[PDB]
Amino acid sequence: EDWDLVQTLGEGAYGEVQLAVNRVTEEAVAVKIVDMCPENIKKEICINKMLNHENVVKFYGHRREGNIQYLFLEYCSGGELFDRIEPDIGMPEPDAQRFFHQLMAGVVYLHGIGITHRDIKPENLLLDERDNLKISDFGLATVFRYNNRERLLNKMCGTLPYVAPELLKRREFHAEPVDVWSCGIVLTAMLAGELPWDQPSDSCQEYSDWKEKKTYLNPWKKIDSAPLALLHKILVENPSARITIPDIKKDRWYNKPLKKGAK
């Protein structure tokens, strides 16, 4: 089945994404369009074929079509999580907890099959029709485990506000703690409506304030003791002392009843 390109959802750097609706079955699917150094897109396709989870953007197929590559993907009519975050306020705590539960479920899945996303942020977290979170954009993703053997990462990538301090300070570093750190920055953004720092370096005043436990300053003063205590465990400088995902599922705020059922 071939598809018709109706509208443009959003032009994201490398090219554009379009709402491709078939005119027979009316099945809606997003379509990333990248103009082909084609090791970035060919790696993205292989990793996408491995994926199969409720909190990850599904990959249906692809088409070389001469020079223009067409990644067919799951359509998410809700848009980005970025746009559900009101500046300076964040969102209701119950909403933030549900999105965090779904984010952890998706990140647990990826880490279980040996994949790290490497650029988790509200802009890459899409929402479907019933507001379920789905991790998207695996163009920076890579294998950190193969045949039950971990491999350290050496490539610096991602986004500076969301990036863990060890990838700026160390030549090599574990992949999983980096993903956990960025999930913690996403949580901060959901509960405060702002990012805590430009980068986690010692040459950044805001980061140094956080290490000195000065939680009377923004954004920490907007949060609340329960989720803040979880943030104290995630945003630990040393990745070996940093909390893991199994232990995040045992956290008090993570298991606090807050939100009601379906409407």
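One-based numbering along the sequence shown. Here the rigid core means the biggest group of C-alpha atoms that line up within 1.5 Å when the two forms are laid on top of each other.
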Which of 66-74 and 227-235 strays further in 5 other deposited structures of this protein - Cα RMS after rigid core alignment: 66-74
Hey, after superposing on the core, which one moves around more in 5 other deposited structures of this protein, 247-255 or 20-28, CA-wise? 20-28
Counting only other entries that model residues on either side of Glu39, is it left out in at least a third? yes
Residues without coordinates, deposited sequence, stretch from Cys46 to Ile47: is the count none, 1 to 3, 4 to 9, or 10 or more? none
Comparing mean C-alpha B factor in the record for 234-242 and 46-54, the higher one is 46-54
Report the stretch with the higher mean CA temperature factor, choosing between 219-227 and 26-34 on the basis of the entry. 26-34
Where does the C-alpha B-factor of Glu194 rank in its chain, lowest, middle or highest third? lowest
Looking at the temperature factor on the CA atom of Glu74, which third of the chain's modelled residues does it land in? highest
